[PDB]
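Student: First, the structure itself, so that you have it in front of you.
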Amino acid sequence: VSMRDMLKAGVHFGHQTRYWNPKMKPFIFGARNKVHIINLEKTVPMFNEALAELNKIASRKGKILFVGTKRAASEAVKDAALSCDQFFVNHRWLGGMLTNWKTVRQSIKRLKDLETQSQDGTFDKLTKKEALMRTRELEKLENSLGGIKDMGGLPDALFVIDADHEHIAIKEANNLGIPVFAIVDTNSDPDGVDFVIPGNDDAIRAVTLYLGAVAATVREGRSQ
Amino acid sequence: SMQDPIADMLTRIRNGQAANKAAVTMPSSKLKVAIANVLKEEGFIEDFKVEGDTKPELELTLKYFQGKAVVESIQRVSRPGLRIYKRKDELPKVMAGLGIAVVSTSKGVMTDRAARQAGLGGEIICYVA
Amino acid sequence: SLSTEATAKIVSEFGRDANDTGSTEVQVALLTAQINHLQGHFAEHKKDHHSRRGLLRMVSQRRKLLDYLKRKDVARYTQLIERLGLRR
RNA sequence: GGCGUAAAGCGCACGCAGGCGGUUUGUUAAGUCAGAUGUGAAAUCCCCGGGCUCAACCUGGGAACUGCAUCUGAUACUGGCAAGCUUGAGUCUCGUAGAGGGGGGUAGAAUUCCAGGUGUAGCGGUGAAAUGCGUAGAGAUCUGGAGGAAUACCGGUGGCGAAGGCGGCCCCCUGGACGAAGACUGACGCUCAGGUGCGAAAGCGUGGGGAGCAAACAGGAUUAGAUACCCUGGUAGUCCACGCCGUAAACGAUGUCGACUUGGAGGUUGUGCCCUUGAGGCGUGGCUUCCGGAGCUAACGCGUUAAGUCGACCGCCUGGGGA
Ligand SMILES: [Mg+2]
Ligand SMILES: [Mg+2]
Ligand SMILES: [Mg+2]
Ligand SMILES: [Mg+2]
Ligand SMILES: [Mg+2]
Ligand SMILES: [Mg+2]
Ligand SMILES: [Mg+2]
Ligand SMILES: [Mg+2]
Ligand SMILES: [Mg+2]
Ligand SMILES: [Mg+2]
Ligand SMILES: [Mg+2]
Ligand SMILES: [Mg+2]
Ligand SMILES: [Mg+2]
Ligand SMILES: [Mg+2]
Ligand SMILES: [Mg+2]
Ligand SMILES: [Mg+2]
Ligand SMILES: [Mg+2]
Ligand SMILES: [Mg+2]
Ligand SMILES: [Mg+2]
Ligand SMILES: [Mg+2]
Ligand SMILES: [Zn+2]
C-alpha cells in the first residue's frame with residue numbers, strides 16, 4: 001500500500017493527545033487539533049513488512065486468524081477474512097479460545113451438529129419451541145464461532161484490528177508463541193505485537209484498507 | 001549535596017539505560033572521562049564526547065543488543081564514605097571474569113584484568129556486567 | 001528590609017565600586033546593618049519569634065562569611081570587623 | 001538487615017566539634033599501589049613421606065603464619081600546599097502572591113445582662129419528663145444602653161509558615177518564598193552527636209477580665225444499679241499581661257540535602273510571545289490535588305512532591321509482657 005494511498009483513508013488520524021500511550025512516541029508525526037497524527041513514513045514500510053511475513057506464512061499452508069470485534073467493522077472483517085479462505089473472530093472474543101482451545105473446541109462440534117442436524121438431519125418437526133430455542137443456540141454459536149468453525153487447530157498467525165480492544169486475544173497468542181500482526185492506534189500498547197502496524201483502528205474506511213490489503217496478499221501468497 | 005559525581009555518572013548511565021535512552025550527558029571531569037574510556041574500550045557503551053571548554057559537558061552514547069541494555073548492572077564500590085583499595089593479588093573479578101571492575105592505579109584508570117596483568121593495585125571504582 | 005538607598009550606600013563604602021555587590025566585605029556589612037536595625041525591632045517586639053528566626057539566620061550567615069574571609073585573607077578580615085566594630 | 005501501616009525518623013529549626021564535598025593546573029607523596037630486605041620462636045593446623053601389627057600416637061621436609069617494620073619507586077584516586085575556574089551557594093535591582101510573625105486601632109451580626117413601651121399566662125426542656133424560669137408580669141415583640149468573646153457570607157483536596165500552627169477590616173514594625181533580567185563574590189557547600197532556640201491543648205504563679213461554653217460540684221431523670229450518657233444550674237478553665245511547663249495519633253505514623261528516571265487530568269501563583277481585536281492562542285518557572293507507567297513492596301499501596309535509581313551526613317530498631 002502507498003503513503004498517498006493510505007493518507008486518503010485517514011489511516012494517519014489517531015486519537016486525542018490525552019489518551020495516548022507514551023510507548024508510541026516513535027510512530028507519531030506530531031499532533032494537530034489536540035489529536036495525535038501518526039507517521040505514515042513509519043507506517044508503510046512496517047505494514048509492507050507485515051504483509052511479507054503473512055505472505056510467507058500463507059505460502060506454507062499457514063492458517064490466519066483475523067480478529068476484529070468492533071461492531072462498526074464486524075462485517076468487513078468477515079468478508080475480508082472469507083475472501084482469502086481463512087478464519088475470523090468478529091464478535092466478543094471468548095477468553096480461552098486459544099489457551100483453552102480443547103474445551104472451546106467442544107462448542108465447535110456443537111455448532112456443526114446443530115446446523116448439520118437443522119439441515120441434513122433437518123428435523124423441522126420440533127415441539128415449536130425448539131425451532132427458535134435450538135436456533136437461539138445456533139444463532140449465538142454462529143456469531144461467536146462462525147469464523148473459526150473449520151480452523152481445526154491453533155492458528156499460525158493472528159491479524160488484529162485494535163490491540164487494546166483485543167488485548168485478550170493478543171495475550172493468548174503471546175503465551176502460545178503465535179505471532180501477532182496488529183493495527184495499533186496511538187492510544188494502545190505495542191508491546192504484545194511482533195509486527196506493529198501503527199494507524200487508525202476505528203474508521204471503516206481505514207480499517208477496510210489494511211484488511212482489504214491483508215486478504216489480497218494472502219491470496220497472492222496462496223496462489224504461488 | 002553533589003559529593004559523589006562518579007556514583008552520579010554510574011547512575012545516569014544506569015537510569016537512562018533502564019529508560020532505553022539513546023544517550024546520557026553529565027558535567028565532565030577527567031576522572032569521568034577516564035572511566036568512560038574503559039567502558040567504551042570494553043564495549044559497554046558505543047562512544048563518548050566532551051563538548052565545551054569552560055563548562056565541559058560529557059556525553060555517552062549507550063548501547064543495546066536484543067532490545068536489551070548491554071549494561072546489566074553498574075554499581076559504585078569505593079565511595080566518599082568508604083574508600084576501597086586493593087592489592088594486585090586481591091583484585092576482585094566480577095561474574096567470574098565475565099564482567100569487569102574499574103580500578104584506578106598509579107598508571108591511570110583500567111580494568112581489574114589490565115591492572116592484574118600490569119602488577120598493580122588501586123582504588124576500586126565500580127563493577128560492571 | 002534595608003532600603004535601596006541604604007543598601008547601595010554600604011556597597012559603595014565596602015565594595016570595589018557600586019556594582020561590587022557580592023564581595024564578602026559588602027555582604028557582611030549589609031547583614032550587620034540589618035541586624036543592628038532589627039535590634040530596635042525586637043526591643044519592642046520580644047514576642048515576634050518568627051521574625052527572630054529570620055534575624056538569627058542573618059547572624060549565622062554573617063558568621064560563615066566572616067570565617068571564610070578570615071581563612072582566605074586574615075588582613076581583610078581584621079579590618080572588616082574592626083571597621084564594623086565587632087567581636088568585642 | 002532494617003525504620004509509611006510489622007520493633008524503629010528526635011515535634012520542629014539553627015548550629016560548634018566531626019564526617020563528606022563541584023571543576024582545572026602545578027606541587028607534595030601521608031593515605032593507596034609496587035618491589036627489595038629483615039622479622040613474623042618451636043610446637044599446633046595443612047600437604048607429601050617415615051616409624052609403632054593398624055589406628056590413635058610419634059616423627060622428616062615443605063607450605064602456611066594472610067602481620068609488622070625499613071629502604072626504594074609509581075602518582076590515577078583520597079589528603080596537604082599554592083594559584084585558579086563558575087555550574088553549587090550567596091549578594092545586588094525591580095516586581096508578585098500570601099490567615100507568615102508582633103503591636104495599635106476599628107466594625108457589624110448574635111448571645112447574656114441592665115432600663116423602659118406593648119402584651120398576658122405561660123416559657124424552657126426531653127424519647128417522655130422533672131428540676132428550673134414567669135402575674136415582684138416571664139417567654140414573645142419593639143426601643144435604648146453595658147460588657148465579653150469570636151469573626152457568617154468570601155471559603156475552595158485555596159494560601160502562608162521549620163514545626164506547633166495562622167482567617168472580619170485598617171495602619172505601623174518585621175521574617176520567608178517566587179519570577180524576570182543582567183552584574184558581583186568565587187566552593188563561601190551538605191549534614192550535625194553535644195549545645196541553643198521554637199513548640200497545640202490541658203496544667204501552674206501573680207494581677208486583671210468574665211458574655212457564651214464548661215472539668216469539678218449541686219439538683220432533676222434514665223437504670224437492676226448509673227459516681228455516666230440526657231436535662232436545669234454551674235466553679236476552675238477557656239480571654240489579657242508578664243513568667244513557668246516542654247508534652248500529643250507534636251502524623252505524610254514517611255529525617256535533611258543533592259543528581260537521575262515514561263504519562264493524563266486539574267487547582268494555585270510568577271513571567272516571555274500573539275490581528276491584547278473574545279471571557280483566548282503558543283511557550284517557561286515556583287507550589288499543590290487526583291489517577292497511573294516502569295520499578296519497588298509481605299501485601300496494602302508508593303509511583304518525578306517515590307515507598308523508584310543513587311550518593312553525603314544524622315536519629316533510631318533488635319520477640320511480647322515487665323517499662
Ligand atoms: Mg529485619
Ligand atoms: Mg494511609
Ligand atoms: Mg510502628
Ligand atoms: Mg518528622
Ligand atoms: Mg613531578
Ligand atoms: Mg605406617
Ligand atoms: Mg610434623
Ligand atoms: Mg619443618
Ligand atoms: Mg611457627
Ligand atoms: Mg590533589
Ligand atoms: Mg447587642
Ligand atoms: Mg516582605
Ligand atoms: Mg574572578
Ligand atoms: Mg492562669
Ligand atoms: Mg451539663
Ligand atoms: Mg487554680
Ligand atoms: Mg513522644
Ligand atoms: Mg498513584
Ligand atoms: Mg504497578
Ligand atoms: Mg523483651
Ligand atoms: Zn482506536
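A note on labels: chains of the C-alpha cells are A, B, ... as shown, every chain counts residues from 1, and ligands are counted from 1 in their shown order.
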Once you count only C-alpha atoms (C1' of nucleotides) and all ligand atoms, which residues end up within 10 Å of ligand 15, and could you hand them over as a PDB file with C-alpha atoms (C1' of nucleotides), in the first residue's frame?
Tutor:
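Contents of selection.pdb, freshly written:
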ATOM      1  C1'   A D 214     -17.720  24.017  80.671  1.00  0.00           C
ATOM      2  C1'   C D 230     -29.836  13.222  78.593  1.00  0.00           C
ATOM      3  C1'   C D 231     -31.955  17.866  81.302  1.00  0.00           C
ATOM      4  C1'   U D 232     -31.647  22.523  84.785  1.00  0.00           C
ATOM      5  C1'   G D 233     -27.663  25.104  87.086  1.00  0.00           C
ATOM      6  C1'   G D 234     -22.568  25.941  87.497  1.00  0.00           C
TER       7        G D 234
END
Student: Do you know which residues are at most 12 Å from residue D:147 counting only C-alpha atoms (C1' of nucleotides), after dropping those on the same chain fewer than 6 positions away, and could you put them as a ChimeraX atom specification?
Tutor: /D:111-114,209-211
Student: Filtering to N, CA, C and O atoms (P, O5', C5', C4', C3', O3' and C1' of nucleotides), could you give me those residues as a PDB file, in the first residue's frame?
Tutor:
ATOM      1  P     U D 111     -29.773  37.123  69.890  1.00  0.00           P
ATOM      2  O5'   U D 111     -28.885  36.459  71.021  1.00  0.00           O
ATOM      3  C5'   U D 111     -28.822  35.054  71.170  1.00  0.00           C
ATOM      4  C4'   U D 111     -27.764  34.660  72.174  1.00  0.00           C
ATOM      5  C3'   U D 111     -27.991  35.138  73.597  1.00  0.00           C
ATOM      6  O3'   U D 111     -28.860  34.284  74.301  1.00  0.00           O
ATOM      7  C1'   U D 111     -25.762  35.573  72.964  1.00  0.00           C
ATOM      8  P     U D 112     -30.046  34.898  75.172  1.00  0.00           P
ATOM      9  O5'   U D 112     -29.296  35.480  76.436  1.00  0.00           O
ATOM     10  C5'   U D 112     -28.612  34.599  77.307  1.00  0.00           C
ATOM     11  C4'   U D 112     -27.727  35.347  78.263  1.00  0.00           C
ATOM     12  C3'   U D 112     -28.380  36.487  79.011  1.00  0.00           C
ATOM     13  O3'   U D 112     -29.161  36.046  80.099  1.00  0.00           O
ATOM     14  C1'   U D 112     -26.287  37.190  78.187  1.00  0.00           C
ATOM     15  P     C D 113     -30.353  36.967  80.650  1.00  0.00           P
ATOM     16  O5'   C D 113     -29.616  38.275  81.156  1.00  0.00           O
ATOM     17  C5'   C D 113     -28.819  38.230  82.322  1.00  0.00           C
ATOM     18  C4'   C D 113     -28.105  39.534  82.537  1.00  0.00           C
ATOM     19  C3'   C D 113     -28.989  40.747  82.738  1.00  0.00           C
ATOM     20  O3'   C D 113     -29.515  40.829  84.050  1.00  0.00           O
ATOM     21  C1'   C D 113     -27.275  41.268  81.204  1.00  0.00           C
ATOM     22  P     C D 114     -31.005  41.383  84.295  1.00  0.00           P
ATOM     23  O5'   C D 114     -30.825  42.971  84.259  1.00  0.00           O
ATOM     24  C5'   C D 114     -29.756  43.594  84.959  1.00  0.00           C
ATOM     25  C4'   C D 114     -29.588  45.053  84.591  1.00  0.00           C
ATOM     26  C3'   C D 114     -30.860  45.860  84.407  1.00  0.00           C
ATOM     27  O3'   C D 114     -31.447  46.235  85.639  1.00  0.00           O
ATOM     28  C1'   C D 114     -29.365  46.355  82.647  1.00  0.00           C
ATOM     29  P     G D 209     -10.903  43.667  86.754  1.00  0.00           P
ATOM     30  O5'   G D 209     -11.377  42.884  85.454  1.00  0.00           O
ATOM     31  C5'   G D 209     -11.155  43.430  84.167  1.00  0.00           C
ATOM     32  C4'   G D 209     -11.477  42.433  83.092  1.00  0.00           C
ATOM     33  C3'   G D 209     -12.787  41.692  83.262  1.00  0.00           C
ATOM     34  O3'   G D 209     -13.910  42.476  82.905  1.00  0.00           O
ATOM     35  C1'   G D 209     -11.103  40.147  82.717  1.00  0.00           C
ATOM     36  P     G D 210     -15.308  42.297  83.680  1.00  0.00           P
ATOM     37  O5'   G D 210     -15.844  40.901  83.151  1.00  0.00           O
ATOM     38  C5'   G D 210     -15.826  40.579  81.773  1.00  0.00           C
ATOM     39  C4'   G D 210     -16.154  39.129  81.564  1.00  0.00           C
ATOM     40  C3'   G D 210     -17.304  38.625  82.399  1.00  0.00           C
ATOM     41  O3'   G D 210     -18.531  39.028  81.838  1.00  0.00           O
ATOM     42  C1'   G D 210     -15.527  37.087  82.520  1.00  0.00           C
ATOM     43  P     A D 211     -19.937  38.680  82.523  1.00  0.00           P
ATOM     44  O5'   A D 211     -20.590  37.717  81.418  1.00  0.00           O
ATOM     45  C5'   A D 211     -21.946  37.794  81.020  1.00  0.00           C
ATOM     46  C4'   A D 211     -22.111  37.606  79.522  1.00  0.00           C
ATOM     47  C3'   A D 211     -22.319  36.202  78.996  1.00  0.00           C
ATOM     48  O3'   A D 211     -23.603  35.687  79.251  1.00  0.00           O
ATOM     49  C1'   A D 211     -20.842  37.334  77.576  1.00  0.00           C
TER      50        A D 211
END
Student: Each residue of chain D lying at most 9 Å from chain A should get a row with its shortest atom-to-atom pair and the distance in Å to one decimal, counting only C-alpha atoms (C1' of nucleotides); could you produce that, ordered by chain and increasing number, as CSV?
Tutor:
residue,atom,partner,partner_atom,distance
D:262,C1',A:22,CA,6.5
D:263,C1',A:22,CA,6.3
D:264,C1',A:18,CA,6.0
D:265,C1',A:18,CA,8.4
D:293,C1',A:22,CA,8.9
Student: By how many Å are atom CA of residue C:50 and atom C1' of residue D:100 apart?
Tutor: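 For atom CA of residue C:50 relative to atom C1' of residue D:100, the distance reads 7.8 Å.
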Student: Give me, as an MDAnalysis selection string, the residues of chain B touching chain D, with the criterion being at most 9 Å (counting only C-alpha atoms (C1' of nucleotides)).
Tutor: chainID B and resid 1:5 7:8 10:16 18:19 27:29 31 54:55 76 79:81 83 85:88 103:109 119:123 125
Student: If you count only C-alpha atoms (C1' of nucleotides) and all ligand atoms, which residues end up within 9 Å of ligand 4, as a PyMOL selection string?
Tutor: chain D and resi 9-12+163+251-252+254-255
Student: Can you pull out every residue within 12 Å of stretch 34-40 of chain B, counting only C-alpha atoms (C1' of nucleotides), but drop anything in the same chain fewer than 6 positions away, and send it as a PyMOL selection string?
Tutor: (chain B and resi 6-7+9-10+13+24-26+28+46-50+58-63+70-71+74+99-105+107-114+124-129) or (chain D and resi 76-77)
Student: With a distance cut-off of 7 Å and only C-alpha atoms (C1' of nucleotides), select the neighbouring residues of residue A:195, excluding the residue or stretch itself and same-chain residues fewer than 4 positions from it, and output the selection as a VMD selection string.
Tutor: chain A and resid 50 180 to 182
Student: At a cut-off of 12 Å around ligand 1, and using only C-alpha atoms (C1' of nucleotides) and all ligand atoms, what residues come up? Please write them as a PDB file with N, CA and C atoms (P, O5', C5', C4', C3', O3' and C1' of nucleotides), in the first residue's frame.
Tutor:
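File written: part-v1.pdb
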ATOM      1  P     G D   1      23.541  -5.784  54.132  1.00  0.00           P
ATOM      2  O5'   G D   1      22.184  -5.937  54.938  1.00  0.00           O
ATOM      3  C5'   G D   1      21.385  -7.090  54.754  1.00  0.00           C
ATOM      4  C4'   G D   1      20.122  -6.999  55.562  1.00  0.00           C
ATOM      5  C3'   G D   1      19.286  -5.751  55.368  1.00  0.00           C
ATOM      6  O3'   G D   1      18.521  -5.796  54.177  1.00  0.00           O
ATOM      7  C1'   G D   1      19.441  -6.257  57.668  1.00  0.00           C
ATOM      8  P     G D   2      17.624  -4.536  53.739  1.00  0.00           P
ATOM      9  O5'   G D   2      16.532  -4.458  54.893  1.00  0.00           O
ATOM     10  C5'   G D   2      15.834  -3.255  55.179  1.00  0.00           C
ATOM     11  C4'   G D   2      15.278  -3.298  56.567  1.00  0.00           C
ATOM     12  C3'   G D   2      14.613  -2.034  57.059  1.00  0.00           C
ATOM     13  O3'   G D   2      13.273  -1.929  56.607  1.00  0.00           O
ATOM     14  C1'   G D   2      16.122  -2.812  58.694  1.00  0.00           C
ATOM     15  P     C D   3      12.772  -0.600  55.863  1.00  0.00           P
ATOM     16  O5'   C D   3      12.302   0.333  57.060  1.00  0.00           O
ATOM     17  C5'   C D   3      11.223  -0.033  57.898  1.00  0.00           C
ATOM     18  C4'   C D   3      11.127   0.906  59.064  1.00  0.00           C
ATOM     19  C3'   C D   3      10.999   2.374  58.705  1.00  0.00           C
ATOM     20  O3'   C D   3       9.660   2.741  58.449  1.00  0.00           O
ATOM     21  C1'   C D   3      12.657   2.083  60.374  1.00  0.00           C
ATOM     22  P     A D   6       1.650  -0.367  62.877  1.00  0.00           P
ATOM     23  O5'   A D   6       2.239  -1.723  62.287  1.00  0.00           O
ATOM     24  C5'   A D   6       3.636  -1.920  62.169  1.00  0.00           C
ATOM     25  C4'   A D   6       3.984  -3.349  62.450  1.00  0.00           C
ATOM     26  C3'   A D   6       5.194  -3.596  63.326  1.00  0.00           C
ATOM     27  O3'   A D   6       4.832  -3.562  64.684  1.00  0.00           O
ATOM     28  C1'   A D   6       5.119  -5.118  61.485  1.00  0.00           C
ATOM     29  P     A D   7       5.233  -2.346  65.652  1.00  0.00           P
ATOM     30  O5'   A D   7       6.577  -2.874  66.325  1.00  0.00           O
ATOM     31  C5'   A D   7       6.883  -2.658  67.689  1.00  0.00           C
ATOM     32  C4'   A D   7       8.367  -2.467  67.830  1.00  0.00           C
ATOM     33  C3'   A D   7       8.913  -1.255  67.100  1.00  0.00           C
ATOM     34  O3'   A D   7       8.803  -0.108  67.903  1.00  0.00           O
ATOM     35  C1'   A D   7      10.275  -3.157  66.657  1.00  0.00           C
ATOM     36  P     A D   8       8.095   1.214  67.353  1.00  0.00           P
ATOM     37  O5'   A D   8       9.297   1.991  66.678  1.00  0.00           O
ATOM     38  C5'   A D   8      10.409   2.400  67.453  1.00  0.00           C
ATOM     39  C4'   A D   8      11.603   2.605  66.572  1.00  0.00           C
ATOM     40  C3'   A D   8      11.378   3.571  65.416  1.00  0.00           C
ATOM     41  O3'   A D   8      11.632   4.907  65.793  1.00  0.00           O
ATOM     42  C1'   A D   8      12.427   1.579  64.636  1.00  0.00           C
ATOM     43  P     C D 317      16.921   2.704  69.776  1.00  0.00           P
ATOM     44  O5'   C D 317      16.254   1.689  68.768  1.00  0.00           O
ATOM     45  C5'   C D 317      14.845   1.605  68.729  1.00  0.00           C
ATOM     46  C4'   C D 317      14.399   0.455  67.885  1.00  0.00           C
ATOM     47  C3'   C D 317      14.933  -0.904  68.284  1.00  0.00           C
ATOM     48  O3'   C D 317      14.176  -1.466  69.339  1.00  0.00           O
ATOM     49  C1'   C D 317      15.155  -0.603  65.952  1.00  0.00           C
ATOM     50  P     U D 318      14.897  -2.167  70.583  1.00  0.00           P
ATOM     51  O5'   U D 318      15.284  -3.592  70.020  1.00  0.00           O
ATOM     52  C5'   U D 318      14.299  -4.387  69.408  1.00  0.00           C
ATOM     53  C4'   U D 318      14.900  -5.581  68.723  1.00  0.00           C
ATOM     54  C3'   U D 318      15.833  -6.430  69.582  1.00  0.00           C
ATOM     55  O3'   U D 318      15.445  -7.794  69.482  1.00  0.00           O
ATOM     56  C1'   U D 318      16.863  -5.904  67.519  1.00  0.00           C
TER      57        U D 318
END
Student: How far is it from atom CA of residue A:178 to atom CA of residue A:53, in Å with one decimal?
Tutor: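 For atom CA of residue A:178 relative to atom CA of residue A:53, the distance reads 12.9 Å.
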Student: Near stretch 152-163 of chain A, counting only C-alpha atoms (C1' of nucleotides), which residues have an atom at most 8 Å away, once you skip same-chain residues fewer than 5 positions from it, shown as an MDAnalysis selection string?
Tutor: chainID A and resid 54 57 62:69 98 101 170 173 178:185 188:190 201:202 207
Student: Write a file of the just-selected residues containing N, CA, C and O atoms, as an mmCIF file, in the first residue's frame.
Tutor:
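As a result, out_2.cif now contains:
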data_model
loop_
_atom_site.group_PDB
_atom_site.id
_atom_site.type_symbol
_atom_site.label_atom_id
_atom_site.label_comp_id
_atom_site.auth_asym_id
_atom_site.auth_seq_id
_atom_site.Cartn_x
_atom_site.Cartn_y
_atom_site.Cartn_z
ATOM 1 N N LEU A 54 3.270 -12.387 6.305
ATOM 2 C CA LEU A 54 1.965 -13.029 6.167
ATOM 3 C C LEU A 54 1.973 -13.831 4.884
ATOM 4 O O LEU A 54 1.518 -14.974 4.845
ATOM 5 N N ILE A 57 3.981 -16.928 5.528
ATOM 6 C CA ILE A 57 3.207 -17.862 6.348
ATOM 7 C C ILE A 57 2.116 -18.541 5.515
ATOM 8 O O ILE A 57 1.913 -19.753 5.617
ATOM 9 N N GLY A 62 -0.187 -21.840 5.939
ATOM 10 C CA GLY A 62 -0.428 -21.270 7.255
ATOM 11 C C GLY A 62 -1.851 -20.779 7.443
ATOM 12 O O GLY A 62 -2.448 -20.199 6.533
ATOM 13 N N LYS A 63 -2.384 -20.980 8.645
ATOM 14 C CA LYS A 63 -3.744 -20.553 8.947
ATOM 15 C C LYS A 63 -3.716 -19.190 9.635
ATOM 16 O O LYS A 63 -2.960 -18.969 10.576
ATOM 17 N N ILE A 64 -4.532 -18.275 9.120
ATOM 18 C CA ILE A 64 -4.557 -16.889 9.571
ATOM 19 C C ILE A 64 -5.870 -16.602 10.273
ATOM 20 O O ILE A 64 -6.947 -16.821 9.710
ATOM 21 N N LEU A 65 -5.774 -16.106 11.501
ATOM 22 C CA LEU A 65 -6.947 -15.713 12.260
ATOM 23 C C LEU A 65 -7.095 -14.197 12.249
ATOM 24 O O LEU A 65 -6.314 -13.486 12.871
ATOM 25 N N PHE A 66 -8.089 -13.709 11.519
ATOM 26 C CA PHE A 66 -8.447 -12.297 11.552
ATOM 27 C C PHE A 66 -9.229 -12.037 12.831
ATOM 28 O O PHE A 66 -10.173 -12.763 13.127
ATOM 29 N N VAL A 67 -8.835 -11.025 13.599
ATOM 30 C CA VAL A 67 -9.582 -10.658 14.803
ATOM 31 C C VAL A 67 -9.923 -9.168 14.802
ATOM 32 O O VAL A 67 -9.048 -8.314 14.711
ATOM 33 N N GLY A 68 -11.215 -8.871 14.881
ATOM 34 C CA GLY A 68 -11.694 -7.503 14.969
ATOM 35 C C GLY A 68 -13.166 -7.541 15.326
ATOM 36 O O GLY A 68 -13.990 -7.918 14.502
ATOM 37 N N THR A 69 -13.499 -7.169 16.556
ATOM 38 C CA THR A 69 -14.855 -7.366 17.061
ATOM 39 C C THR A 69 -15.620 -6.069 17.241
ATOM 40 O O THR A 69 -16.723 -6.080 17.780
ATOM 41 N N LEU A 98 -7.974 -19.883 22.404
ATOM 42 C CA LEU A 98 -6.700 -20.473 22.054
ATOM 43 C C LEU A 98 -6.086 -21.224 23.229
ATOM 44 O O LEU A 98 -5.697 -22.379 23.093
ATOM 45 N N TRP A 101 -8.364 -24.050 24.079
ATOM 46 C CA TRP A 101 -8.943 -24.487 22.811
ATOM 47 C C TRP A 101 -9.614 -25.851 22.934
ATOM 48 O O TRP A 101 -10.702 -26.049 22.403
ATOM 49 N N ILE A 170 -4.585 -11.117 21.807
ATOM 50 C CA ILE A 170 -3.156 -10.889 21.636
ATOM 51 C C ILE A 170 -2.350 -11.491 22.796
ATOM 52 O O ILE A 170 -1.188 -11.841 22.633
ATOM 53 N N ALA A 173 -2.258 -15.444 22.237
ATOM 54 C CA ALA A 173 -1.238 -15.632 21.208
ATOM 55 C C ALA A 173 0.172 -15.579 21.795
ATOM 56 O O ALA A 173 0.957 -16.515 21.636
ATOM 57 N N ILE A 178 2.331 -17.690 19.099
ATOM 58 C CA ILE A 178 1.712 -17.314 17.843
ATOM 59 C C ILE A 178 2.003 -15.842 17.531
ATOM 60 O O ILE A 178 1.735 -14.968 18.354
ATOM 61 N N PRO A 179 2.546 -15.555 16.339
ATOM 62 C CA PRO A 179 2.887 -14.164 16.020
ATOM 63 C C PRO A 179 1.662 -13.292 15.790
ATOM 64 O O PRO A 179 0.683 -13.737 15.188
ATOM 65 N N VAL A 180 1.733 -12.055 16.271
ATOM 66 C CA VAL A 180 0.613 -11.129 16.195
ATOM 67 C C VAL A 180 0.940 -9.953 15.293
ATOM 68 O O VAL A 180 1.927 -9.249 15.492
ATOM 69 N N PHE A 181 0.087 -9.769 14.295
ATOM 70 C CA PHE A 181 0.121 -8.621 13.409
ATOM 71 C C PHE A 181 -1.052 -7.780 13.831
ATOM 72 O O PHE A 181 -2.161 -8.295 13.914
ATOM 73 N N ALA A 182 -0.845 -6.504 14.118
ATOM 74 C CA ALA A 182 -1.966 -5.707 14.591
ATOM 75 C C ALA A 182 -1.909 -4.249 14.183
ATOM 76 O O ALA A 182 -0.843 -3.631 14.126
ATOM 77 N N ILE A 183 -3.088 -3.721 13.878
ATOM 78 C CA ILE A 183 -3.275 -2.292 13.742
ATOM 79 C C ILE A 183 -3.271 -1.723 15.158
ATOM 80 O O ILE A 183 -4.158 -2.023 15.960
ATOM 81 N N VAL A 184 -2.256 -0.920 15.461
ATOM 82 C CA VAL A 184 -2.020 -0.443 16.816
ATOM 83 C C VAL A 184 -2.110 1.078 16.861
ATOM 84 O O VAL A 184 -1.171 1.772 16.483
ATOM 85 N N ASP A 185 -3.249 1.585 17.326
ATOM 86 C CA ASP A 185 -3.534 3.019 17.328
ATOM 87 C C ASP A 185 -2.803 3.749 18.464
ATOM 88 O O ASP A 185 -2.453 3.136 19.473
ATOM 89 N N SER A 188 -2.814 2.738 22.181
ATOM 90 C CA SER A 188 -2.634 1.339 22.562
ATOM 91 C C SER A 188 -1.207 0.970 22.947
ATOM 92 O O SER A 188 -0.280 1.752 22.780
ATOM 93 N N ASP A 189 -1.052 -0.246 23.460
ATOM 94 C CA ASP A 189 0.240 -0.757 23.897
ATOM 95 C C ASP A 189 0.840 -1.695 22.844
ATOM 96 O O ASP A 189 0.296 -2.769 22.579
ATOM 97 N N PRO A 190 1.975 -1.299 22.244
ATOM 98 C CA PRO A 190 2.520 -2.092 21.139
ATOM 99 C C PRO A 190 3.414 -3.244 21.584
ATOM 100 O O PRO A 190 4.007 -3.907 20.731
ATOM 101 N N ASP A 201 -7.574 2.636 13.917
ATOM 102 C CA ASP A 201 -8.103 1.282 14.063
ATOM 103 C C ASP A 201 -9.622 1.301 14.226
ATOM 104 O O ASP A 201 -10.232 0.274 14.530
ATOM 105 N N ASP A 202 -10.218 2.480 14.035
ATOM 106 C CA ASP A 202 -11.674 2.651 14.076
ATOM 107 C C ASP A 202 -12.288 2.782 12.684
ATOM 108 O O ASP A 202 -12.986 1.878 12.217
ATOM 109 N N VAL A 207 -9.990 0.918 8.236
ATOM 110 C CA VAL A 207 -9.983 -0.494 8.593
ATOM 111 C C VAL A 207 -9.989 -1.337 7.325
ATOM 112 O O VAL A 207 -9.161 -2.232 7.165
#
Student: Let me have all residues with an atom within 8 Å of ligand 18, counting only C-alpha atoms (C1' of nucleotides) and all ligand atoms, laid out as a PyMOL selection string.
Tutor: chain D and resi 291-292+302-303
Student: Write out as number ranges by chain the set of residues from stretch 13-124 of chain B that DSSP, computed on the backbone, places in helix (DSSP H, G or I).
Tutor: B: 13-18, 30-41, 88-90, 94-97, 112-117
